[PDB]
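Undergrad: Experimental structure and sequence below, a few questions after.
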Amino acid sequence: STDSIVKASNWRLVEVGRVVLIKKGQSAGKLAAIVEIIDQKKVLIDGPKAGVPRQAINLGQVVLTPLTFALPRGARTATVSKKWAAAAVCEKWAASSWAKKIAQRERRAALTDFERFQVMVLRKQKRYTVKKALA
Amino acid sequence: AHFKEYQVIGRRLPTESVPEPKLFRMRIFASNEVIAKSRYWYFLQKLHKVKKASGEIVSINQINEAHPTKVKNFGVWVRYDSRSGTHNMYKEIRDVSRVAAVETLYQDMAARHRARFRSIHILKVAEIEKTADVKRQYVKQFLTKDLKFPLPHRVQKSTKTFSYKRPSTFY
Amino acid sequence: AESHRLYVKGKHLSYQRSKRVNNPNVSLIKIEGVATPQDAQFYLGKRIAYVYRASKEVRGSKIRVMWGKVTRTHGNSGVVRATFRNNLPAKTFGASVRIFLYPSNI
Amino acid sequence: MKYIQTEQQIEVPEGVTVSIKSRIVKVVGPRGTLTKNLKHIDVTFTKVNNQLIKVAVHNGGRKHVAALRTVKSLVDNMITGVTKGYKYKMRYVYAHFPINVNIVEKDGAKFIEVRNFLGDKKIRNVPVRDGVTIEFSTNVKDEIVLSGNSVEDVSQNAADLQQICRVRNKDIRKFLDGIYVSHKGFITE
Amino acid sequence: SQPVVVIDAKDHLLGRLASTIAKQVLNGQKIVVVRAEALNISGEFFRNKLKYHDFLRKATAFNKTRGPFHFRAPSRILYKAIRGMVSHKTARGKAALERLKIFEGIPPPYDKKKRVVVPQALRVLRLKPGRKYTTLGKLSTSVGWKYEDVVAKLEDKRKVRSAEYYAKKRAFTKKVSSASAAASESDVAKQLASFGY
RNA sequence: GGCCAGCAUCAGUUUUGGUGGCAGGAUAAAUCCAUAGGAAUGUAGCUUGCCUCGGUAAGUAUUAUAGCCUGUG
RNA sequence: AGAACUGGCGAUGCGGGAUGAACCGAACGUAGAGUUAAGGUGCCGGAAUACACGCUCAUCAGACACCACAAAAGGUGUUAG
RNA sequence: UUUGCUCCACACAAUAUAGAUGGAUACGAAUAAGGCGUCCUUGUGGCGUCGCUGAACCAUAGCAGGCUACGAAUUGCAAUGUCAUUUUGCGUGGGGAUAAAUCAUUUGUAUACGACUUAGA
């Protein structure tokens, strides 16, 4: 019959191969990947290319990104690096709107007064065109 | 606490009648050498005729884990004293290290039985090798194939007290 | 053009105190944006002014100033301590002082 | 122990459409439609086929996974109601005084009225629910037939009769009168 | 940082909001809680009603016009909760509570203004999903507040008049976004994006 | 000529950060590298009802078109 | 009601226990800076709506020992064994 | 007896601040769900996109901020280096408005006294 409309939610579910973003710790902001599952609350991760060590971390210090890839349960560091390089994760991440906003925050924080002034004069010119255009 | 594992060798003090007595060994969980050496003389003084004064400690060595980046199923045989009577228990844990399994065993024991460190004796810790001797469901439910699950209700932390948009719990 | 200021606004919360006892020699300042003792360590030594009004014009002004400085931090949420020449009057609990940047280390 | 995943399956028949959004279920079928608001239970419905629907609960505790099967049974009743209907049969029983039963339409909604309940003079009136269709037997004369889609209303309007036609300040071992449910079937089957 | 702070009290927890307030309004912020009838409080309705009845039980025997004045409205319930967190028997506390204004519904001066949210008091974040909570409107109406059916007739009106404003502003927003997107490729903007902007 | 401030260089008491070198441990353990053995939450591959190039399944198979574990060094 | 040992109050303020002659910490010249005790850090109230593993939903929950009350007997209510 | 009163314009004089000196920047409902854009067979629709903090958005250069459309130095190495915001009085000039209450007397639907209720050119 007519398609039974059923929608509730589609999650970033935790599983092997999932990429995570660490938000608190020595390795915050640096990416990693889940290898296997310790328990309901915590997991272990390994980010070799990002410089992360093989850890065992709670799920409060991480964030589950959408992107993911496929690797076997319990994989080792050299295997993880291989599969990461294969699936090209650090380019699929940088292309997101999330990562663009992160880099934007970092840039905006790393700015100096001269550049802050440059931005003011660059925005004056921009809204000048926009406000000549929208009337 | 932040536990550690120690290897304590001890020796009743030598005499002319027996100037090479028997070395007894214990593999103890504790936060530091001091209380490790205290617990050694607590357990040895339950089994053999010796004390700190009538004995000495030969070697005390930290045991680090061989494969701390490996998930393991630690079976644990323990005994604890309750308010009325003394009992034994077996519990399985799924942590990567012996010491971490102990750290989370003391905790959930104190939760579910209100038993303190001063009541518990850890008899045996065994890394189970195969996924067929596990008998506890709260472990077996993580030994499934293609295990995946979500975290439905997310709560973002806040450094500011006033926020100008209702939050979303979507993950 | 609309802004001319070179200070950071903060609030005079209270005096240093125990429970049931206070030390008016020392006052507590909440600075804006600060949330930790680290990142408040920047504001140490910085001068503070409480600017108020009075009806008797002295030296050609109705506004009057009480100066002081920031001495050290407070526990885990970006509060600091201050010590003025003449301690503050306790009706300023919840009043805006202004922290300058005059002794600088940038 | 908090579980990981606990699921149930629901077999949707043909010609029955199950529109779900924000736990507001809406089942449409040949007989009618039925809506339900399950916004007090934390549950995920996910469709796999037009032929069946999966419902799921995570992290459990023998409370959520207890209410999950309840939700399953509710939806199954909702689906069999719009197809096979529900048909309740309630029989009269009197020792001496015949229970004169009739239907009426007061200023407001329709009501069902009964008289001579043990030689009384009180006129016991009950409001028919908004969904039921209530009729009297024809192969026999001492039977009332409730019918509808919502069993949750049909059985309730049945129980209202059995509650108002109760015996008071007498012994119930002896005094057996009123209206009593005999059968709880479906319309077609 | 704002001079005045307007707080939507919908899906907020009572004490967890009132502590935040009672500190901010003592530190010197003028705070305006609004839409207090939709506040929430943990625990079940019958439980909260029992507690309110235990509060009503307490009245000065020899003259009950001296004692605990049992205010039945939600604004005044929250005021009680805050006043218990404040030293109202002093000038500090009195001045502080003069910096507060609580309302049921959203009146004119605060309907055309921006409302904020305290996240360390929100039910959806603090409470476990599945726990029972309680609504202050239903509670007050159960204990003798006679103006629930009025703020409702006013809030839907406010909402209609607000949704039309949004319906206009959304079209203006898409027009401005389509006018500004025609300059994003320009050297004035790809020179800004080198600075994050 | 003195009183009130500011700065610098110093002294005493103290607090808070950044950072370098060296030693010890199972001369850390691990990771990583080579090798032997083995297994399954069983990978290619092989018999497999159709069906998406063996999708499915239940058997086979111990690295093969994924990998893992243990030990040794 | 009557004794033993030590400690204290009485003769003794101070921080804490909301309050208290006796409890905990600690014994006092006048002041400054620093650090701590016992106790505490949602707000009143100076200080983390800090971190972590778990239990509990109570139609008179529970919450700083002395302390200001609670038993026997029961509950497939739940958790673990 | 416009000697008096009211509001407006400014010349201001005085007093007090529970304390801004860039902006209080507007949908609603759900959170085991939503927003935004678009297409249509306008539905609890299809597709796409977003969130993971407002760390945003807007405004923002110019003698405390100018003349045209040159000057700012010697406040001399820092000392609020004043513009806010109500109230009040006075004067200038522009209009506008022309009363009640209480006591005393009286009533008794009232009453310890006050008070209440009534009547009186």
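TA: Right, received. Where do you want to start? Residues are numbered from 1 along each chain as shown, chains lettered A, B, ... in the order given.

Undergrad: Next to RNA strand H, which bits of chain A? Give me the list.
TA: Within chain A, the positions lying close to RNA strand H (Cβ under 7 Å from any atom of the strand) are A:3, A:5, A:7-9, A:23, A:63, A:66, A:96-98, A:101, A:105, A:108-109, A:119-121, A:123-124, A:127, A:131. Where you see a C-beta, it was placed from the backbone N, CA and C, and this is true even at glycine.

Undergrad: Just the buried residues out of those, in ChimeraX syntax.
TA: A single ChimeraX command selects the buried members of the residues of chain A next to RNA strand H (16 or more other Cβ atoms under 10 Å in any protein chain shown):
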select /A:8,63,119
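
Undergrad: Which members of the residues of chain A next to RNA strand H are positioned in helices?
TA: Applying DSSP state H to those, the entries found in helices are A:97-98, A:101, A:105, A:108-109, A:119-121, A:123-124, A:127, A:131.

Undergrad: So residue E:96, which state does it fall into?
TA: helix (DSSP: H, G, I helix; E, B strand; the rest coil).

Undergrad: what's around it, how many residues?
TA: 27 (other Cβ atoms under 10 Å in any protein chain shown).

Undergrad: From what I see, it and residue E:26 are in contact.
TA: Yes. With contact defined as Cβ atoms under 8 Å, residue E:96 reaches residue E:26; the gap is 4.9 Å.

Undergrad: Look through chain E and state the residue closest to chain C.
TA: Proximity of chain E to chain C (Cβ to the nearest Cβ) peaks at residue E:28, 3.1 Å away.

Undergrad: what about that residue, distance to residue E:119?
TA: 22 Å (Cβ to Cβ, to the nearest Å).

Undergrad: Out of those two, name the residue with the larger neighbour count.
TA: residue E:119 (21 against 18).

Undergrad: re the thing from before, ok, and which of the residues of chain A next to RNA strand H reach chain E?
TA: Contacts with chain E are made by A:105, A:108, A:119, A:123 out of the residues of chain A next to RNA strand H, judged by Cβ under 8 Å from any Cβ of the partner chain.

Undergrad: before we move on, back to that, what touches both of residue E:96 and residue E:26?
TA: Counting by Cβ atoms under 8 Å, 6 or more residues apart in numbering or on different chains, the residues touching both residue E:96 and residue E:26 are C:94, E:86.

Undergrad: Just give me the neighbour total for residue 10.
TA: By default, I'm working from chain A. 11.

Undergrad: I was thinking of chain E, sorry if that wasn't clear
TA: There are 17 residues near residue E:10, going by other Cβ under 10 Å.

Undergrad: Same question for the one 4 residues further on.
TA: Around residue E:14 sit 23 other residues, with neighbours defined as other Cβ under 10 Å.

Undergrad: Who are the contact partners of it?
TA: By Cβ under 8 Å, 6+ apart, the contact set of residue E:14 is E:39, E:40, E:41, E:77, E:78, E:81, E:136.

Undergrad: Chain A: strands as residue ranges?
TA: Under the criterion DSSP state E, chain A carries strands at the ranges A:6-7, A:18-22, A:31-37, A:42-45, A:57-58, A:62-68.

Undergrad: before we move on, what about chain D?
TA: Under DSSP E, chain D gives strands at D:6-11, D:17-21, D:24-28, D:33-37, D:44-47, D:52-57, D:86-93, D:100-105, D:110-115, D:124-127, D:133-136, D:143-148, D:178-185.

Undergrad: that older thread, tell me the two of the ones in helices among the residues of chain A next to RNA strand H that are most distant?
TA: Spatially, the most separated pair among those is A:98 and A:131, at 31.1 Å (Cβ to Cβ).

Undergrad: SS state for the closest residue to the residue of chain E closest to chain C other than its chain neighbours?
TA: Spatial nearest neighbour of residue E:28, chain neighbours left out: residue C:94 (3.1 Å); criterion: Cβ to Cβ, 6 or more residues apart in numbering or on different chains. Secondary structure for residue C:94, judged by three-state DSSP, is coil.

Undergrad: Pretty sure residue C:94 sits against residue E:98.
TA: No. Look at residue C:94 against residue E:98 with Cβ under 8 Å: they stay out of range, at 11.5 Å.

Undergrad: In terms of neighbours, single out the busier of the two.
TA: Neighbour count, other Cβ under 10 Å: between residue C:94 and residue E:98, residue C:94 has more, with 20 against 10.

Undergrad: Could you look over the strands of chain A and pick the most buried one?
TA: strand A:31-37 (a mean of 23; mean count of other Cβ atoms under 10 Å in any protein chain shown).

Undergrad: So is it next to RNA strand F?
TA: Yes. Counting by Cβ under 7 Å from any atom of the strand, contacts between strand A:31-37 and RNA strand F involve residue A:36.

Undergrad: which other helices and strands contact that strand?
TA: strand A:18-22, strand A:42-45, helix A:77-87, helix A:89-94 (3 or more Cβ pairs under 8 Å, 6 or more residues apart in numbering or on different chains; DSSP states H and E).

Undergrad: From chain C, how far out is the residue positioned nearest the centre of chain D?
TA: In chain D, the centroid-proximal residue (Cα atoms, centre = their mean) is residue D:151; its distance is 1.8 Å. The gap separating residue D:151 from chain C is 58 Å, by Cβ to the nearest Cβ, to the nearest Å.

Undergrad: That residue and residue D:74 touch, don't they?
TA: No. Counting by Cβ under 8 Å, residue D:151 stays clear of residue D:74, with 9.9 Å between them.

Undergrad: Please tell me how far the residue lying closest to residue C:25 once chain neighbours are set aside sits from chain B.
TA: Spatial nearest neighbour of residue C:25, excluding adjacent residues (Cβ to Cβ, 6+ apart): residue C:87 at 5.8 Å. Using Cβ to the nearest Cβ, residue C:87 is found at 29 Å from chain B.

Undergrad: Assign residue C:87 to helix, strand or coil.
TA: Secondary structure for residue C:87, judged by three-state DSSP, is coil.

Undergrad: Relative to residue C:10, how far out is it?
TA: Per Cβ to Cβ, residue C:87 is found 17 Å from residue C:10.

Undergrad: Of these two, which one has the most company?
TA: residue C:10 (24 against 16).

Undergrad: need the contact list for the residue of chain D at minimum distance from RNA strand G.
TA: Nearest to RNA strand G, among the residues of chain D, is residue D:1, at 3.3 Å (Cβ to the nearest atom of the strand). Contacts here follow Cβ under 8 Å, 6+ apart; on that basis residue D:1 touches B:137, B:138, B:141.
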